[PDB]
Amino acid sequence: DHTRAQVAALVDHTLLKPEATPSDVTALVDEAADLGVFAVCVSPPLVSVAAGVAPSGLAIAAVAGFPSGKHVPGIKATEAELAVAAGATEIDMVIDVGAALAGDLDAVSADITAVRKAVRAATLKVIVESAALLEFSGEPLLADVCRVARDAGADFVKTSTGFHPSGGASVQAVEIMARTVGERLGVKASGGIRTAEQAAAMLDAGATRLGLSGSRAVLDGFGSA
């Protein structure tokens, strides 16, 4: 039910390590192009490097407020703006997870709205940090945060930063997200997706985009180049 080419067409091939250099990013783009993936995803200061080498047809995503989500709205929004100016066409922003856990959904809304309005032409993905929302609160909060993101104009909800100790994507989280907002928003599964078996599980749960760092190993699990 999943060919390598189909999967590749929904992969964001990602490098977000603090120690990443320009050479690491040009190597990421070369790998992304070789694998035929949808996008590369990089940190804000490295967008320009990615944009300078990406072929037409490889999208560029940047993260905003990442990984912690602990930035005021105006900073997230300006970071997003600057990344789009540098060549990103998609932004993956992190919510203030603590605001969500505190029940301050009006603050979560305001944050997403600030970013949305700063990058109105971009594809905006909202990282909800689902493993943390599920661990520290539960399913209702995860569903509610997804509704907040929808109502604030996000294009996607996304599971995870890959940096939080509660973990990454789970089938349970993706199913909740897809059932809550999947009729209107994309669902990006990310964090800890290392194998084709895992990727397939996420796609079957309702993911429409995958965020991978080891994309070649995942894709090889679906078939040969």
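Note that residue numbering follows the sequence shown and begins at 1.
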Item checked: Stretch with the greater mean C-alpha B-factor as recorded in the entry, comparing 84 to 92 against 102 to 110 -> 102 to 110
Next item on the list: Between 180 to 188 and 51 to 59, name whichever shows the higher mean Cα B factor according to the PDB entry.
Entry: 51 to 59
Margin query: Just the C-alpha B-factor column, please: which of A27, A64, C41, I193 has the biggest number?
Written below: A27
Next item on the list: Just grab whichever of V128, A121, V148, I75 has the top CA B-factor as deposited.
Entry: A121
Check: How does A9 rank on Cα B-factor within its chain, lowest, middle or highest third?
Finding: middle
Notebook entry, point to check: Thinking about Cα B factors across the chain, which third does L212 belong to?
Noted result: lowest
Next item on the list: Looking at the entry's B-factor column for C-alpha atoms only, identify whether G167 ranks in the lowest, middle or highest third of its chain.
Entry: highest
Notebook entry, point to check: Going by the entry, which third of its chain does the Cα temperature factor of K117 land in?
Noted result: highest
Next item on the list: Can you work out whether the C-alpha temperature factor of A154 puts it in the lowest, middle or highest third of the chain?
Entry: middle
